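Visitor: Pasting input.tsv below, which is TSV, C-alpha atoms and all ligand atoms.
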```
chain	number	residue	atom	x	y	z
A	1	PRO	CA	-20.77	57.63	-50.78
A	2	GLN	CA	-22.00	56.34	-54.14
A	3	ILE	CA	-19.09	56.14	-56.59
A	4	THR	CA	-19.66	55.92	-60.33
A	5	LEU	CA	-17.08	54.26	-62.56
A	6	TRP	CA	-16.54	56.66	-65.48
A	7	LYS	CA	-13.21	57.41	-63.78
A	8	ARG	CA	-10.95	55.17	-61.73
A	9	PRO	CA	-12.41	54.88	-58.16
A	10	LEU	CA	-9.40	56.51	-56.50
A	11	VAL	CA	-9.63	57.56	-52.85
A	12	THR	CA	-7.37	58.90	-50.14
A	13	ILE	CA	-6.26	56.43	-47.48
A	14	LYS	CA	-4.35	56.86	-44.23
A	15	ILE	CA	-1.86	54.15	-43.27
A	16	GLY	CA	1.06	54.32	-40.86
A	17	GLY	CA	0.02	57.92	-40.22
A	18	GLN	CA	0.61	58.85	-43.88
A	19	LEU	CA	-1.87	59.85	-46.57
A	20	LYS	CA	-1.88	58.01	-49.90
A	21	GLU	CA	-4.08	57.52	-52.95
A	22	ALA	CA	-5.42	54.03	-53.63
A	23	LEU	CA	-7.72	52.25	-56.07
A	24	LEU	CA	-10.94	50.61	-54.88
A	25	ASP	CA	-10.53	47.23	-56.59
A	26	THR	CA	-13.36	44.69	-56.38
A	27	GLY	CA	-11.30	42.28	-58.51
A	28	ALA	CA	-8.56	42.08	-55.86
A	29	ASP	CA	-8.92	39.59	-53.01
A	30	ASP	CA	-6.15	41.37	-51.14
A	31	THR	CA	-4.91	44.89	-50.53
A	32	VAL	CA	-1.53	45.58	-52.15
A	33	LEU	CA	0.37	48.85	-51.74
A	34	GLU	CA	3.51	50.09	-53.44
A	35	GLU	CA	6.84	49.94	-51.61
A	36	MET	CA	6.66	51.81	-48.31
A	37	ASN	CA	7.85	51.68	-44.71
A	38	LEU	CA	5.47	50.24	-42.11
A	39	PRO	CA	6.27	49.49	-38.45
A	40	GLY	CA	6.04	46.04	-36.91
A	41	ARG	CA	6.76	42.54	-38.10
A	42	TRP	CA	6.06	41.25	-41.60
A	43	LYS	CA	6.28	37.92	-43.40
A	44	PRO	CA	7.45	37.23	-46.97
A	45	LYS	CA	4.63	36.05	-49.23
A	46	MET	CA	3.80	35.53	-52.90
A	47	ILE	CA	0.75	36.94	-54.69
A	48	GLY	CA	-0.35	36.39	-58.29
A	49	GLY	CA	-2.06	38.74	-60.71
A	50	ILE	CA	-2.87	38.92	-64.40
A	51	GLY	CA	0.82	38.88	-65.39
A	52	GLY	CA	2.28	36.44	-62.88
A	53	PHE	CA	3.50	36.37	-59.30
A	54	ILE	CA	5.41	38.89	-57.20
A	55	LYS	CA	7.10	38.85	-53.80
A	56	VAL	CA	5.39	40.98	-51.15
A	57	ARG	CA	5.83	41.72	-47.47
A	58	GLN	CA	2.70	40.79	-45.51
A	59	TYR	CA	1.72	43.09	-42.64
A	60	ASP	CA	-1.14	41.76	-40.51
A	61	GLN	CA	-3.67	43.66	-38.42
A	62	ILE	CA	-2.74	47.06	-39.86
A	63	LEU	CA	-4.91	50.10	-39.16
A	64	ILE	CA	-5.98	51.85	-42.36
A	65	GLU	CA	-8.63	54.50	-42.99
A	66	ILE	CA	-10.26	54.46	-46.43
A	67	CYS	CA	-12.21	57.54	-47.50
A	68	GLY	CA	-13.01	58.27	-43.86
A	69	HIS	CA	-13.86	54.66	-42.95
A	70	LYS	CA	-11.66	52.62	-40.63
A	71	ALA	CA	-10.42	49.11	-41.34
A	72	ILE	CA	-7.94	46.79	-39.62
A	73	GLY	CA	-6.54	43.94	-41.67
A	74	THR	CA	-3.80	42.49	-43.81
A	75	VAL	CA	-1.79	44.78	-46.09
A	76	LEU	CA	0.64	43.47	-48.70
A	77	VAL	CA	3.57	45.67	-49.75
A	78	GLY	CA	5.47	45.13	-52.98
A	79	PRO	CA	5.89	46.02	-56.67
A	80	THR	CA	2.23	46.39	-57.53
A	81	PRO	CA	1.51	48.73	-60.47
A	82	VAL	CA	-0.73	50.88	-58.22
A	83	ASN	CA	-2.05	50.94	-54.66
A	84	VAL	CA	-5.19	48.77	-54.56
A	85	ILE	CA	-7.74	48.26	-51.80
A	86	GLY	CA	-9.01	44.69	-52.08
A	87	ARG	CA	-12.06	42.87	-50.77
A	88	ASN	CA	-10.43	42.02	-47.43
A	89	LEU	CA	-10.77	45.72	-46.55
A	90	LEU	CA	-13.70	46.67	-48.80
A	91	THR	CA	-15.96	44.37	-46.77
A	92	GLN	CA	-14.86	46.06	-43.53
A	93	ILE	CA	-16.00	49.51	-44.72
A	94	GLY	CA	-19.33	48.11	-45.95
A	95	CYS	CA	-18.61	48.49	-49.66
A	96	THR	CA	-21.01	46.77	-52.07
A	97	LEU	CA	-21.55	46.70	-55.81
A	98	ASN	CA	-24.91	47.98	-57.02
A	99	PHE	CA	-26.63	48.11	-60.41
B	1	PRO	CA	-29.10	44.01	-57.44
B	2	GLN	CA	-26.65	44.51	-54.57
B	3	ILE	CA	-23.52	42.36	-54.41
B	4	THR	CA	-21.47	42.11	-51.24
B	5	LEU	CA	-17.74	41.39	-51.38
B	6	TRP	CA	-17.37	38.50	-48.92
B	7	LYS	CA	-16.57	36.43	-52.01
B	8	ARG	CA	-15.41	37.23	-55.52
B	9	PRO	CA	-18.18	39.16	-57.37
B	10	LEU	CA	-18.64	36.57	-60.11
B	11	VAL	CA	-21.61	36.83	-62.49
B	12	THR	CA	-22.69	35.09	-65.67
B	13	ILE	CA	-21.99	36.89	-68.94
B	14	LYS	CA	-22.98	36.13	-72.52
B	15	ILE	CA	-20.50	37.01	-75.28
B	16	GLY	CA	-19.88	35.55	-78.72
B	17	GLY	CA	-22.77	33.17	-78.18
B	18	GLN	CA	-21.14	31.68	-75.07
B	19	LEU	CA	-21.97	31.86	-71.36
B	20	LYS	CA	-19.06	32.50	-69.01
B	21	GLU	CA	-18.35	33.63	-65.45
B	22	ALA	CA	-16.58	36.96	-64.99
B	23	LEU	CA	-15.63	39.33	-62.18
B	24	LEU	CA	-17.29	42.71	-61.81
B	25	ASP	CA	-13.94	44.49	-61.40
B	26	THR	CA	-13.82	48.19	-60.48
B	27	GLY	CA	-10.01	48.02	-60.67
B	28	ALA	CA	-9.96	47.08	-64.37
B	29	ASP	CA	-10.02	49.94	-66.88
B	30	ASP	CA	-10.81	47.48	-69.67
B	31	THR	CA	-12.59	44.14	-69.97
B	32	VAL	CA	-10.29	41.12	-70.30
B	33	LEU	CA	-11.64	37.68	-71.22
B	34	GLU	CA	-10.13	34.20	-71.38
B	35	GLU	CA	-8.90	32.98	-74.76
B	36	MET	CA	-11.81	32.61	-77.16
B	37	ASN	CA	-11.91	32.45	-80.96
B	38	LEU	CA	-14.08	35.46	-81.72
B	39	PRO	CA	-14.68	36.41	-85.37
B	40	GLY	CA	-13.72	39.71	-86.90
B	41	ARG	CA	-10.72	42.01	-86.93
B	42	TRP	CA	-8.68	42.89	-83.86
B	43	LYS	CA	-5.71	44.99	-82.78
B	44	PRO	CA	-2.78	43.83	-80.60
B	45	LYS	CA	-2.51	45.29	-77.11
B	46	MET	CA	-0.52	44.76	-73.91
B	47	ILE	CA	-2.02	45.29	-70.45
B	48	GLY	CA	-0.19	45.27	-67.13
B	49	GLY	CA	-1.08	44.17	-63.63
B	50	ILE	CA	0.50	42.35	-60.71
B	51	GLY	CA	3.24	40.19	-62.20
B	52	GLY	CA	3.72	42.21	-65.39
B	53	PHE	CA	2.10	42.41	-68.81
B	54	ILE	CA	0.24	39.97	-71.04
B	55	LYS	CA	-0.49	40.17	-74.76
B	56	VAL	CA	-4.18	40.42	-75.69
B	57	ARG	CA	-6.34	40.89	-78.78
B	58	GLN	CA	-8.55	43.98	-78.75
B	59	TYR	CA	-12.02	43.54	-80.27
B	60	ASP	CA	-14.24	46.61	-80.63
B	61	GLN	CA	-18.03	47.00	-80.54
B	62	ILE	CA	-18.64	43.54	-79.07
B	63	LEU	CA	-22.09	42.76	-77.68
B	64	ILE	CA	-21.98	41.41	-74.13
B	65	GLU	CA	-24.78	40.71	-71.64
B	66	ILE	CA	-24.00	40.96	-67.92
B	67	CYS	CA	-26.69	39.69	-65.52
B	68	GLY	CA	-29.28	40.37	-68.19
B	69	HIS	CA	-27.94	43.91	-68.69
B	70	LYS	CA	-26.86	44.49	-72.29
B	71	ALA	CA	-23.67	46.35	-73.16
B	72	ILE	CA	-21.49	46.90	-76.21
B	73	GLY	CA	-17.86	47.92	-76.20
B	74	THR	CA	-14.24	46.86	-76.30
B	75	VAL	CA	-13.23	43.40	-75.09
B	76	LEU	CA	-9.63	42.22	-74.70
B	77	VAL	CA	-8.94	38.51	-75.28
B	78	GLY	CA	-5.83	36.73	-74.05
B	79	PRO	CA	-4.31	34.31	-71.53
B	80	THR	CA	-5.86	35.89	-68.46
B	81	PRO	CA	-6.42	33.58	-65.45
B	82	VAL	CA	-9.89	35.09	-64.88
B	83	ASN	CA	-12.56	36.92	-66.85
B	84	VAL	CA	-12.86	40.52	-65.63
B	85	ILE	CA	-15.58	43.01	-66.55
B	86	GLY	CA	-13.95	46.44	-66.53
B	87	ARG	CA	-15.21	49.97	-66.08
B	88	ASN	CA	-15.78	50.42	-69.82
B	89	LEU	CA	-18.74	48.04	-69.46
B	90	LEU	CA	-19.62	48.46	-65.76
B	91	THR	CA	-20.64	52.05	-66.48
B	92	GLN	CA	-22.92	50.82	-69.27
B	93	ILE	CA	-24.87	48.61	-66.83
B	94	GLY	CA	-25.16	51.34	-64.20
B	95	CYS	CA	-22.80	49.77	-61.67
B	96	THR	CA	-21.65	51.81	-58.66
B	97	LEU	CA	-19.59	51.30	-55.53
B	98	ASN	CA	-21.46	52.21	-52.35
B	99	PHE	CA	-20.42	52.50	-48.73
C	1	LIG	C1	-3.64	48.02	-62.07
C	1	LIG	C2	-4.67	47.64	-61.00
C	1	LIG	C3	-5.04	46.14	-61.07
C	1	LIG	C4	-3.86	45.23	-60.67
C	1	LIG	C5	-3.74	45.15	-59.14
C	1	LIG	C6	-5.49	45.80	-62.51
C	1	LIG	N1	-6.11	44.43	-62.57
C	1	LIG	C7	-7.53	44.31	-62.11
C	1	LIG	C8	-7.53	43.66	-60.72
C	1	LIG	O1	-8.82	43.66	-60.22
C	1	LIG	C9	-7.00	42.21	-60.82
C	1	LIG	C10	-7.96	41.29	-61.56
C	1	LIG	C11	-7.43	39.85	-61.44
C	1	LIG	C12	-8.01	38.91	-60.39
C	1	LIG	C13	-7.48	37.49	-60.26
C	1	LIG	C14	-6.37	37.00	-61.17
C	1	LIG	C15	-5.78	37.94	-62.22
C	1	LIG	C16	-6.31	39.36	-62.35
C	1	LIG	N2	-6.88	41.71	-59.47
C	1	LIG	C17	-5.58	41.46	-58.82
C	1	LIG	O2	-4.56	41.53	-59.41
C	1	LIG	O3	-5.68	41.15	-57.43
C	1	LIG	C18	-4.47	40.61	-56.71
C	1	LIG	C19	-4.41	41.19	-55.62
C	1	LIG	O4	-5.46	40.46	-54.80
C	1	LIG	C20	-5.43	39.04	-55.31
C	1	LIG	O5	-6.89	38.56	-55.76
C	1	LIG	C21	-6.82	38.42	-57.23
C	1	LIG	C22	-5.55	38.28	-57.52
C	1	LIG	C23	-4.72	39.05	-56.33
C	1	LIG	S1	-5.68	43.49	-63.96
C	1	LIG	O6	-6.37	42.21	-64.01
C	1	LIG	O7	-4.25	43.17	-63.95
C	1	LIG	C24	-6.10	44.58	-65.36
C	1	LIG	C25	-7.51	44.58	-65.94
C	1	LIG	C26	-7.84	45.53	-67.10
C	1	LIG	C27	-6.75	46.46	-67.66
C	1	LIG	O8	-7.08	47.33	-68.74
C	1	LIG	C28	-6.16	48.33	-69.13
C	1	LIG	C29	-5.33	46.45	-67.06
C	1	LIG	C30	-5.01	45.50	-65.90
```
For the structure just supplied, provide its representation as structure tokens.
Guide:
Amino acid sequence: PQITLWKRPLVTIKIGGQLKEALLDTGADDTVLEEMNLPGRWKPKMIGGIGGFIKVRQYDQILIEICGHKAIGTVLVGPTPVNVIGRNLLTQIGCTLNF
Amino acid sequence: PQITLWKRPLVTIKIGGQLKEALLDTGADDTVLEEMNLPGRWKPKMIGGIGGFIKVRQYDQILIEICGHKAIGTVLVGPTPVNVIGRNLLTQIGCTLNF
């Protein structure tokens, strides 16, 4: 689809078999989701944003469907203000910026 | 143009008579720029992201050119680690997300 930006580009995602709403975020290198349960192993990591750094759990090679498009990649879980889909997954679904 | 997301979507902007690099950021409601001593009145504001909130100065009706596309709107100035062009201006230059 072509998504205009008068509203937040929020979309439905499927991860761990569960539906969620997430923000398509071209300013995020990484995908960061709010606290949730995911199966498999994870590693503790740090990630920094506009206000400083937070502790996240890093899940690698996670299946996630974004607005009907499949991706498999790294998902960070932690106290982010909102679920964000970052460039690591936006590239996989073929998302580009156009003006 | 079309911008892929293999790397950060950095572009040159002109604001306050200065050229700077800034992210085209679909996840930013507002535009947030590195500390700069703009003239005119402003209003205090706090904006939150990963890590928490930062204090910024809100300037209204600021002229800003993004890849040769002119815009005018609100710009927030403060200790951000990166310049981000938010949806308030991305809509003015006709920017969409496409996949
Ligand atoms: C609330 C959603 C999101 C935070 C997630 C908001 N951000 C825009 C993002 O694009 C920032 C913009 C941003 C980019 C880089 C450094 C600071 C901020 N990116 C970001 O935090 O990404 C992190 C996750 O992936 C990593 O790659 C970048 C940092 C990591 S922001 O910078 O904090 C922000 C911008 C405008 C605003 O107006 C009300 C309020 C908050």
Visitor: What are the residues of chain B lining chain A at 9 Å or less? Count only C-alpha atoms, and put the answer as a PyMOL selection string.
Guide: chain B and resi 1-9+23-29+47-54+79-82+84+87-88+90-91+93-99
Visitor: For ligand LIG 1 (chain C), which of A:19, A:46, A:11, A:64 is the closest residue, counting all atoms listed in the file?
Guide: A:46
Visitor: Any chance you could dump chain A, least-squares fitted to chain B on all C-alpha atoms in order, as a PDB file with C-alpha atoms, in the coordinates of the input?
Guide:
```pdb
ATOM      1  CA  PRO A   1     -29.000  43.904 -57.904  1.00  0.00           C
ATOM      2  CA  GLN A   2     -27.014  44.767 -54.777  1.00  0.00           C
ATOM      3  CA  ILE A   3     -23.940  42.531 -54.543  1.00  0.00           C
ATOM      4  CA  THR A   4     -22.054  42.090 -51.285  1.00  0.00           C
ATOM      5  CA  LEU A   5     -18.365  41.210 -51.319  1.00  0.00           C
ATOM      6  CA  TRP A   6     -17.966  38.331 -48.843  1.00  0.00           C
ATOM      7  CA  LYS A   7     -17.545  36.180 -51.963  1.00  0.00           C
ATOM      8  CA  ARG A   8     -16.026  37.019 -55.327  1.00  0.00           C
ATOM      9  CA  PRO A   9     -18.613  39.031 -57.381  1.00  0.00           C
ATOM     10  CA  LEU A  10     -18.898  36.400 -60.114  1.00  0.00           C
ATOM     11  CA  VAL A  11     -21.695  36.677 -62.679  1.00  0.00           C
ATOM     12  CA  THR A  12     -22.789  34.987 -65.872  1.00  0.00           C
ATOM     13  CA  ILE A  13     -22.093  36.852 -69.104  1.00  0.00           C
ATOM     14  CA  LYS A  14     -23.105  36.197 -72.701  1.00  0.00           C
ATOM     15  CA  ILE A  15     -20.564  36.974 -75.423  1.00  0.00           C
ATOM     16  CA  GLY A  16     -20.394  35.689 -78.984  1.00  0.00           C
ATOM     17  CA  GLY A  17     -23.580  33.769 -78.195  1.00  0.00           C
ATOM     18  CA  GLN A  18     -21.823  31.780 -75.445  1.00  0.00           C
ATOM     19  CA  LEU A  19     -22.331  31.845 -71.687  1.00  0.00           C
ATOM     20  CA  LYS A  20     -19.346  32.391 -69.392  1.00  0.00           C
ATOM     21  CA  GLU A  21     -18.566  33.317 -65.798  1.00  0.00           C
ATOM     22  CA  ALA A  22     -16.735  36.587 -65.165  1.00  0.00           C
ATOM     23  CA  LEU A  23     -15.536  38.701 -62.250  1.00  0.00           C
ATOM     24  CA  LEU A  24     -16.931  42.192 -61.662  1.00  0.00           C
ATOM     25  CA  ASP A  25     -13.641  44.055 -61.196  1.00  0.00           C
ATOM     26  CA  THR A  26     -13.716  47.738 -60.229  1.00  0.00           C
ATOM     27  CA  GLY A  27      -9.897  47.763 -60.189  1.00  0.00           C
ATOM     28  CA  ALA A  28      -9.726  46.927 -63.909  1.00  0.00           C
ATOM     29  CA  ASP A  29      -9.931  49.747 -66.451  1.00  0.00           C
ATOM     30  CA  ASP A  30     -10.557  47.202 -69.184  1.00  0.00           C
ATOM     31  CA  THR A  31     -12.423  43.953 -69.698  1.00  0.00           C
ATOM     32  CA  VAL A  32     -10.106  40.972 -70.220  1.00  0.00           C
ATOM     33  CA  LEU A  33     -11.342  37.461 -71.003  1.00  0.00           C
ATOM     34  CA  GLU A  34      -9.459  34.190 -71.217  1.00  0.00           C
ATOM     35  CA  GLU A  35      -8.544  32.750 -74.615  1.00  0.00           C
ATOM     36  CA  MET A  36     -11.636  32.290 -76.771  1.00  0.00           C
ATOM     37  CA  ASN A  37     -12.884  32.582 -80.342  1.00  0.00           C
ATOM     38  CA  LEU A  38     -14.720  35.771 -81.319  1.00  0.00           C
ATOM     39  CA  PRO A  39     -15.826  36.783 -84.834  1.00  0.00           C
ATOM     40  CA  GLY A  40     -14.635  39.914 -86.596  1.00  0.00           C
ATOM     41  CA  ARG A  41     -11.385  41.812 -86.744  1.00  0.00           C
ATOM     42  CA  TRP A  42      -9.031  42.318 -83.810  1.00  0.00           C
ATOM     43  CA  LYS A  43      -5.826  44.235 -83.153  1.00  0.00           C
ATOM     44  CA  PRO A  44      -2.783  43.138 -81.123  1.00  0.00           C
ATOM     45  CA  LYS A  45      -2.346  45.162 -77.935  1.00  0.00           C
ATOM     46  CA  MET A  46      -0.453  45.123 -74.642  1.00  0.00           C
ATOM     47  CA  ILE A  47      -2.028  45.454 -71.191  1.00  0.00           C
ATOM     48  CA  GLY A  48      -0.303  45.619 -67.805  1.00  0.00           C
ATOM     49  CA  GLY A  49      -1.384  44.270 -64.442  1.00  0.00           C
ATOM     50  CA  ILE A  50       0.091  43.686 -61.008  1.00  0.00           C
ATOM     51  CA  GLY A  51       2.689  41.228 -62.351  1.00  0.00           C
ATOM     52  CA  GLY A  52       3.640  42.820 -65.660  1.00  0.00           C
ATOM     53  CA  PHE A  53       2.382  43.044 -69.220  1.00  0.00           C
ATOM     54  CA  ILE A  54       0.691  40.521 -71.497  1.00  0.00           C
ATOM     55  CA  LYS A  55      -0.229  40.392 -75.179  1.00  0.00           C
ATOM     56  CA  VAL A  56      -3.966  40.498 -75.888  1.00  0.00           C
ATOM     57  CA  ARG A  57      -6.217  40.609 -78.922  1.00  0.00           C
ATOM     58  CA  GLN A  58      -8.433  43.706 -78.860  1.00  0.00           C
ATOM     59  CA  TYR A  59     -11.998  43.297 -80.131  1.00  0.00           C
ATOM     60  CA  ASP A  60     -13.907  46.575 -80.437  1.00  0.00           C
ATOM     61  CA  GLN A  61     -17.642  47.209 -80.274  1.00  0.00           C
ATOM     62  CA  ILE A  62     -18.473  43.717 -79.004  1.00  0.00           C
ATOM     63  CA  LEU A  63     -21.961  42.920 -77.722  1.00  0.00           C
ATOM     64  CA  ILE A  64     -21.884  41.436 -74.224  1.00  0.00           C
ATOM     65  CA  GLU A  65     -24.657  40.885 -71.684  1.00  0.00           C
ATOM     66  CA  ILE A  66     -23.632  41.028 -68.021  1.00  0.00           C
ATOM     67  CA  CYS A  67     -26.048  39.617 -65.451  1.00  0.00           C
ATOM     68  CA  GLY A  68     -28.952  40.478 -67.742  1.00  0.00           C
ATOM     69  CA  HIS A  69     -27.653  43.945 -68.678  1.00  0.00           C
ATOM     70  CA  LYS A  70     -26.442  44.739 -72.183  1.00  0.00           C
ATOM     71  CA  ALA A  71     -23.165  46.452 -73.014  1.00  0.00           C
ATOM     72  CA  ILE A  72     -21.293  47.134 -76.257  1.00  0.00           C
ATOM     73  CA  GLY A  73     -17.604  47.911 -75.987  1.00  0.00           C
ATOM     74  CA  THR A  74     -14.009  46.798 -76.143  1.00  0.00           C
ATOM     75  CA  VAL A  75     -13.086  43.274 -75.042  1.00  0.00           C
ATOM     76  CA  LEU A  76      -9.490  42.124 -74.620  1.00  0.00           C
ATOM     77  CA  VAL A  77      -8.684  38.423 -75.043  1.00  0.00           C
ATOM     78  CA  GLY A  78      -5.521  36.856 -73.673  1.00  0.00           C
ATOM     79  CA  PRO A  79      -3.815  34.992 -70.809  1.00  0.00           C
ATOM     80  CA  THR A  80      -5.585  36.714 -67.949  1.00  0.00           C
ATOM     81  CA  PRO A  81      -5.830  34.639 -64.744  1.00  0.00           C
ATOM     82  CA  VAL A  82      -9.651  34.949 -64.827  1.00  0.00           C
ATOM     83  CA  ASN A  83     -12.375  36.610 -66.885  1.00  0.00           C
ATOM     84  CA  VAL A  84     -12.793  40.174 -65.581  1.00  0.00           C
ATOM     85  CA  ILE A  85     -15.394  42.806 -66.407  1.00  0.00           C
ATOM     86  CA  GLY A  86     -13.696  46.195 -66.148  1.00  0.00           C
ATOM     87  CA  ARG A  87     -14.950  49.749 -65.789  1.00  0.00           C
ATOM     88  CA  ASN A  88     -15.361  50.251 -69.545  1.00  0.00           C
ATOM     89  CA  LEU A  89     -18.357  47.893 -69.330  1.00  0.00           C
ATOM     90  CA  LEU A  90     -19.323  48.381 -65.673  1.00  0.00           C
ATOM     91  CA  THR A  91     -20.239  52.000 -66.433  1.00  0.00           C
ATOM     92  CA  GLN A  92     -22.482  50.884 -69.313  1.00  0.00           C
ATOM     93  CA  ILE A  93     -24.619  48.673 -67.041  1.00  0.00           C
ATOM     94  CA  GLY A  94     -24.892  51.434 -64.421  1.00  0.00           C
ATOM     95  CA  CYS A  95     -22.690  49.767 -61.812  1.00  0.00           C
ATOM     96  CA  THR A  96     -21.600  51.905 -58.851  1.00  0.00           C
ATOM     97  CA  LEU A  97     -19.792  51.333 -55.582  1.00  0.00           C
ATOM     98  CA  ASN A  98     -21.775  52.098 -52.440  1.00  0.00           C
ATOM     99  CA  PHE A  99     -20.934  52.180 -48.731  1.00  0.00           C
TER     100      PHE A  99
END
```
Visitor: Using all atoms listed in the file, pick whichever of A:13, A:75, A:22, A:68 has the shortest atom-to-atom distance to residue A:38.
Guide: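 Closest to residue A:38, using all atoms listed in the file: A:75.
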Visitor: In Å, how far is it from atom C28 of ligand LIG 1 (chain C) to atom CA of residue A:74?
Guide: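 Answer for the atom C28 of ligand LIG 1 (chain C) to atom CA of residue A:74 separation: 26.1 Å.
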Visitor: First collect every listed atom of ligand LIG 1 (chain C); then fit an axis-aligned box around them, widen it by 3 Å on each side, and give centre and edge lengths in Å to one decimal, as AutoDock Vina command-line options.
Guide:
```
--center_x -6.2 --center_y 42.7 --center_z -62.0 --size_x 11.2 --size_y 17.3 --size_z 20.3
```
Visitor: Point out the residue among A:30, A:71, A:21, A:77 with the least atom-to-atom distance to residue A:56, counting all atoms listed in the file.
Guide: A:77
Visitor: Quick check, in Å to one decimal: how far apart do atom CA of residue B:62 and atom CA of residue B:14 lie?
Guide: 10.8 Å
Visitor: How many Å separate atom CA of residue A:37 from atom CA of residue A:16?
Guide: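 Taking atom CA of residue A:37 and atom CA of residue A:16, their separation equals 8.2 Å.
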Visitor: Rank B:65, B:15, B:20, B:58 by their smallest atom-to-atom distance to ligand LIG 1 (chain C), using all atoms listed in the file, and report the top residue only.
Guide: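 Closest to ligand LIG 1 (chain C) of all the choices is B:58.
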Visitor: Here is a test: counting all atoms listed in the file, which residue of A:61, A:83, A:12, A:18 is nearest to ligand LIG 1 (chain C)?
Guide: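 Distance minimum relative to ligand LIG 1 (chain C) lands on A:83.
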